[PDB]
Structure formats: structure tokens, C-alpha cells
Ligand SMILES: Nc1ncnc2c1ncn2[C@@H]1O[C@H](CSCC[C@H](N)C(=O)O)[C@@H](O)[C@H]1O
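Below you'll find only one chain, the form solved without the ligand, shown as C-alpha cells.
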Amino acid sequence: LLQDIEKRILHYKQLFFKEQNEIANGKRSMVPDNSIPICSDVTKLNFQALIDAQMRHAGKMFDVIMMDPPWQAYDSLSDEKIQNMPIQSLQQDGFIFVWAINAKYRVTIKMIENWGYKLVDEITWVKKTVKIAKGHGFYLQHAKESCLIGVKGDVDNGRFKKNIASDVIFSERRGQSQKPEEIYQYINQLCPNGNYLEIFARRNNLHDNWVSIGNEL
């Protein structure tokens, strides 16, 4: 119907006029103010610049690193390119988190060890229906994926608090693919007010005090 369609159009432009207006008026981003998004492709990225600045404004190195590599998530980088990233320069005395799909689970292990980490813990993430997950597992159906955690250096220091978090996590798969919120909480237990990094990062997952690099930011 011409009249209805004509109707929606004007109703619609108004929202834009409204929104573009609020934005003019300082309407906030969803993103917390303290987050430090950066848009690049890691392959392209020179990490020297990131290191120089971080050393410069913190005189420190990252307490934590996270990862959801896009294995052949799903931005299809060469497996070697991910492996060959210079993560070792990025942090000297800290933890690392990395999400391994069941396909890459072993390879991931080999990867953190290569970068000098010692595997100490694995987080498990279940997808409760709200209560169980249906995954087309090759041998066994999968009802979780899992974060592999590695460490280097002294964590005997005050900043990291031992026994502060849990291996299992319980959340719904919001905004799939989206990692559970509560990981950032759990990272608060481990580190409180610590300089964090994240790689391959989605827009949705930015948080305060967290550097973030992804090509969709």
C-alpha cells in the first residue's frame, strides 16, 4: 500500500534525526570510557608501537592477555601467522588466556608453550539452555568450549590473588558468538586493577582498563 509505505519512511527518518541529534548532544557509547580500542590486523600490526606506549605510560607490561584466534573467531588467519605472532615481547610476568575450539585444543597448547607459558589451568564454559548444550561433536557431542591459561614469571607478587576464581563458568550465549561476561570478573579476582590486553577483539567485549585490538573495532 503506497500510503502505509510512505508512512513508515517518514516515521523512520525521524528516529535518525532523533538519534543523530542526541549524539550531537553527547549521548554515550555503550563502551566504557576507560577502554582503549585499536583497529588493526595483527599481521599488519607492529607491536613495537604498542610496547613503546605501554612502557611509556605504565612503565609496566601486561598482567593478562586474551585470545580467540580466528583459526581456519573465524576470520581465517593462517595457522602459522597466529602461531608466529610475537606475544612473548608483549608480556613478561603474567597470565595468558586463549580459547580453544576442540579442533585446535592440542595445537593451542603447543602454542602457549612455544611462547614460554606453563599450562596451569583450564576454564570451562557451559551453555545452559535456561540448560545443556547441543554440539555436533566429532566423537562426543560438545557442551562447552574452554579457555586455556598459561603463566610466566612471578605471580607470587601481591597483584595476582590465588584461589580467587573458579574453573567452571555458567552463562548463556549472548550475542553469539560472544564469550561469557563473567570472564572479565574472573580476571578481576586474578588481577585487580591490572593492565590487561586482548587480541582479536570484538566491539561488544571492550571493558575499562583493557586494551583491545581487532580489525572490527
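Residue positions are given as counts along the sequence shown, with the first one as 1.
Form deposited with the ligand bound: not shown, discussed below.
Interface residue remark: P192 is not counted as part of the site for the ligand in the deposited bound form, having no heavy atom within 4.5 Å. For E172, no non-hydrogen atom is located within 4.5 Å of the ligand in the deposited bound form, even though that partner is not displayed.
Proximity of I109 to the ligand in the deposited bound form falls outside the 4.5 Å heavy atom cutoff. At a distance threshold of 4.5 angstroms between non-hydrogen atoms, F200 is in contact with the ligand in the deposited bound form. Proximity to the ligand in the deposited bound form, taken as heavy atoms within 4.5 Å, picks out 178-186 from the listed stretches 25-33, 155-163, 178-186, 49-57. Interface residue among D93, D79, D75, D121 relative to the ligand in the deposited bound form, by the heavy atom within 4.5 Å criterion: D75.
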